[PDB]
């Protein structure tokens, strides 16, 4: 029906128990040619309950980890030592491929919800995880080696090695904790658009060294019920837009023939907004959303309504008069009606 829309039911449950869930969005190009440009990227949700640990693993892929809800303790293990980070809501960090990490929800009441955005390069489109832990679904990758190699390696009898590393200890890879460069925040900077209806924060690869490497931008969209993000488009960034809280009425325009792709988004729903496609966004409730833009370097946002950054207002009358049915002045007058910019009252009068 709409190829740019990924309902929260298009997520595959990789793992689940009473402690938390790991879910994996289908390939962007599983169902359509129109997203060949995204085939290298995958999205994952990690919901975990209080006082949980995600057992040590490494990914074959680079991860952009982004805390939507709650607080987390991330530990990266390198051959040398280990780095520990408290991530609060809105914090993001890049976990290099090959780095072994584990994740803790310390809060005694607050759930944890984390968005992983995997950049694949080994096998494009596919994310493999390597867990050290023998569990029910899967054993330790150490167990894959022969009796000889393991014994020679650790200078130990296989019986010691098996009873100490390789036997199945835990049921799952999310377990209960005993009954008891750096990260950066989306909203660490001042919002690039901010009036009485909405804020939009944005970190660009131009401004953050972790993102320059990935050629990604992140933005945090906040709006009030009834507010409208007026028609605009990005020059370069293809933005994967994730409904975090609230419901959003989205209208997307594209193309042969002129097509309109509208949808109402609930918590967990994703729409892909290609570069140069005009888009508008009404808040059905107070909502915040999180955007991940690829091909982000040099991105520029052109508006088609409101006072500020309205490209149509920069078209001279002599040209307007020819382009449009209205006279040059008739057009210029209609564009001056709307006083606010970016975010406006989207309520029927």
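Between two forms, the rigid core is the largest collection of C-alphas that superpose within 1.5 Å. Numbering follows the first chain given and starts at 1.
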Requested in this report: Could you say which moves further from this form in 4 other deposited structures of this protein, stretch 237-245 or stretch 166-174, by root mean square CA distance after aligning on the core?
Outcome: 166-174
**Report entry** At least a third of the other entries leave residue 227 unmodelled
**Finding:** no
Query raised in the report: Counting only other entries that model residues on either side of residue 112, is it left out in at least a third?
Result: no
Query raised in the report: Looking at the deposited sequence, how many residues between residue 255 and residue 256 were given no coordinates in the entry: none, 1 to 3, 4 to 9, or 10 or more?
Result: 10 or more
Report task. Going by the record, give me the number of deposited-sequence residues missing between residue 180 and residue 181 as none, 1 to 3, 4 to 9, or 10 or more. Result -> 10 or more
Report task. Compare the mean C-alpha B-factor of 202-210 with that of 151-159 as given in the PDB entry, and name the stretch with the higher value. Result -> 202-210
**Report entry** Of 295-303 and 280-288, the one with larger mean CA B-factor
**Finding:** 280-288
Query raised in the report: Reading the B-factor column of the entry, which of 275, 164, 96, 108 has the highest value at its C-alpha atom?
Result: 108
Query raised in the report: Between 84, 126, 188, 134, which one tops the list for C-alpha B-factor in the PDB entry?
Result: 188
Report summary line: So, residue 197's CA B-factor, relative to its chain, sits in which third? The highest
Query raised in the report: Based on the entry's values, in what third of the chain does the Cα temperature factor of residue 234 lie: lowest, middle or highest?
Result: lowest
Query raised in the report: Within this chain, which third does the Cα B-factor at residue 324 fall in: lowest, middle or highest?
Result: highest
Query raised in the report: What third of the chain, by the recorded C-alpha B-factor, contains residue 318?
Result: highest
Query - Ranked against its chain, the third holding the CA B-factor of residue 40 - result: lowest
